[PDB]
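Presented below is the structure to which this report refers.
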Amino acid sequence: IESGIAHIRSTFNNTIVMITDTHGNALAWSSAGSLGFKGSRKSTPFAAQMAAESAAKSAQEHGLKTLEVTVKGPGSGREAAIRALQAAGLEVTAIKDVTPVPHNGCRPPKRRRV
RNA sequence: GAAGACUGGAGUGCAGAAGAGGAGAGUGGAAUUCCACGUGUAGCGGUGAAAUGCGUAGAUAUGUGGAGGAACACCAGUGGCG
Ligand SMILES: [Mg+2]
Ligand SMILES: [Mg+2]
Ligand SMILES: [Mg+2]
Ligand SMILES: [Mg+2]
Ligand SMILES: [Mg+2]
Ligand SMILES: [Mg+2]
């Protein structure tokens, strides 16, 4: 409405972008798979470019001049989408890293190729 | 072998110090999974490439509460104790 927030999760397989309110309910979303990418083409920064553009440009109807980006996931598609959202008109107030680091909680799945 | 003597071995007392040494009872936070709720739309997941799999009974993402189990981020170092 006036100032929402943007959630992004660009893992090594996909880039999902979110736009919500400041109290945190969904408005519009897009993904690298929604644009027609089949193989591992999702993980590229360019697929994140199209996802970010198509998600920010569809947030115009809701109405938002400011937003903040919360970046989660270890993939290679964060800066691209952050810049694409910032360069569509809405200025990103601040950027945060929200990766879920555990304090040695539960054992991870076994190492690959053994 | 026997009878004595000594303190440089061994032990006791006195004054200090460090420590993931052991056993019993009780509390803490972050995170994974499950459950309920509010917008929320067509995909999510995964590989070198895919498919099986989950998803219009409406998933992923998304904020708010509840349950349970296991291991203890930084400190952390050919550091410490046995
Ligand atoms: Mg002595
Ligand atoms: Mg919890
Ligand atoms: Mg599982
Ligand atoms: Mg949920
Ligand atoms: Mg929760
Ligand atoms: Mg020793």
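Here Cβ is always computed from backbone atoms with ideal geometry, including for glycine, and neighbour counts include all displayed protein chains. Read the figures in this text as sums done on the coordinates, not as results from a lab.
Tabulated data
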{"read-out": "DSSP bridge orientation in chain A - percent antiparallel, rounded to nearest 5", "value": "50 percent"}
{"read-out": "Estimated vicinal HN-Hα couplings, Hz - segment A:3-8 in sequence order (Karplus 6.51, -1.76, 1.60; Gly, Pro = x)", "value": "8, x, 10, 10, 10, 9"}
{"read-out": "Low-density loop cleavage sites - GluC sites (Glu not before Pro) in segment A:1-64, where at most 13 other Cβ are within 10 Å (DSSP)", "value": "A:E2, A:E61"}
{"read-out": "Cα gyration tensor of chain A - equivalent ellipsoid semi-axes, whole Å, descending", "value": "26, 18, 11"}
{"read-out": "DSSP loop trypsin sites (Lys or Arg not before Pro) with at most 11 other Cβ within 10 Å excluded, longest remaining stretch of chain A", "value": "A:66-109"}
{"read-out": "Residues A:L67, A:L35, A:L27 arranged by fewest to most Cβ contacts within 10 Å", "value": "A:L35, A:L27, A:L67"}
{"read-out": "Exposure proxy ranking, count of Cβ atoms within 10 Å, fewest first, for A:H103, A:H62", "value": "A:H103, A:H62"}
{"read-out": "Added length on full extension, which subtracts the Cα-Cα distance from 0.36 nm per residue, A:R112 to A:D21", "value": "28.8 nm"}
{"read-out": "At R0 = 41 Å, FRET efficiency that the Cβ-Cβ distance of A:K38 and A:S3 yields, to 0.05", "value": "0.65"}
{"read-out": "Relative contact order [Cα under 8 Å, 6+ residues apart], chain A, whole percent", "value": "28 percent"}
{"read-out": "In degrees, nearest ten, helix A:45-56 long axis to first principal axis of chain A (Cα)", "value": "40 degrees"}
